[PDB]
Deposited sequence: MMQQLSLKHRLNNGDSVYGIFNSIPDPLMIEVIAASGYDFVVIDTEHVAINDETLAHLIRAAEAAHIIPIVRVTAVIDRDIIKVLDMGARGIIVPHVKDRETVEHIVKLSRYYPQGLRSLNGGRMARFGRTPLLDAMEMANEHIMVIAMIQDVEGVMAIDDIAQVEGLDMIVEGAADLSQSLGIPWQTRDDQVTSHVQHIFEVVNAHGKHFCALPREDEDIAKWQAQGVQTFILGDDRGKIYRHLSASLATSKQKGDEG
């Protein structure tokens, strides 16, 4: 379980999955990733295919986490965690929490990680509010999308964007909630770890595959003469 790793002092490393293919899931698992975030928000993916991917993740012994926007269905498929994007108010979080629990004291019939991602400045302002919900386990930083929402390209990582992120960690960590970082560089990892952060999402598969392939091919032509 993902909690189970975090309670042992373990660092866990994950990646976004933009390609709804079971072989890609098995490839990620073989690469050493502790979990994979199956992104259903920006992927045209059938419900049965999502179930296929969750089964594939389990058979490959990699933790299936699904980024949603039907919460019941995904959790009924066997997802061990739910990342909810663009969380602004606390109303959203408490509703998600009881969407993931049993009747009578929930809206689901018969240790899943309830995760909220902060990607709008509104979510940053209500962070003290948001990060105290009973049921919320993890809060994921989304500095890039947050930057883009402020009319500021993430390419120039301004101080204000970074300030909003560090303010998120401090608040989240103050209530004993888990923090998850999205480091752009591999040395931002060591910086977060020293602060106590254990959970890290390292980009998305489609993004890293394009970068490696196009560059490797470029060198292949370059070396060819």
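- Missing from the model, relative to the deposited sequence, are the stretches 1 to 5, 75 to 79, 121 to 142, 258 to 259.
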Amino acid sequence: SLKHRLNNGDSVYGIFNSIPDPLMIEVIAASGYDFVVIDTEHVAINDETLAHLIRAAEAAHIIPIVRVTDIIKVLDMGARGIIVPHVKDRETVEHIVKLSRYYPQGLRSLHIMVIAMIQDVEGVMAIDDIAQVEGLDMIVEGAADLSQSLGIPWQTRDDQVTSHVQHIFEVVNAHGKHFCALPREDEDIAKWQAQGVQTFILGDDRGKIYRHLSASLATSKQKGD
From here on, numbers count along this sequence of modelled residues.
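- Looking at mean Cα B-factors across 76 to 84 and 122 to 130, the upper value is held by 122 to 130.
- Taking the mean C-alpha B-factor of each stretch as recorded, 34 to 42 and 170 to 178 are not equal, and the higher mean is that of 170 to 178.
- In this entry, the residue among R67, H61, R55, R184 with the greatest C-alpha B factor is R184.
- When the modelled residues of the chain are ordered by C-alpha B-factor, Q195 sits in the highest third.
- Per-chain ranking of the deposited C-alpha B factor places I189 in the middle third.
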